């Protein structure tokens, strides 16, 4: 049943990653580039934490273990995957703001 903690740990870490990435984007918008870079570093860490749980989840099935699929679990997987997506495009927003500061 420890495996049934997977959804919670996914949501918690993914939300943390998503939060860091958006914070990074806001810093970049305000011209605080050092703070933006740091937040992204932290976002990368958080997505790593989340991935540990996703990997175990996928390998569990691969391994032949039966997993009771719930809405919560599906929702947890959406959190991680959307977090990865937010982080990837946030990096592009950050990069664009850096480009714009270069010109004045």
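Residue numbers count along the first chain shown, from 1.
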Avg C-alpha B-factor, entry values, 21-29 vs 77-85, higher side is 21-29
Ranked by mean Cα B-factor in the entry, 91-99 and 6-14, top stretch is 91-99
Residue 40: CA temperature factor from the record, placed by chain third, in the middle
Residue 46: CA temperature factor from the record, placed by chain third, in the middle
Temperature factor at the Cα of residue 70, chain-ranked in thirds, falls in the lowest
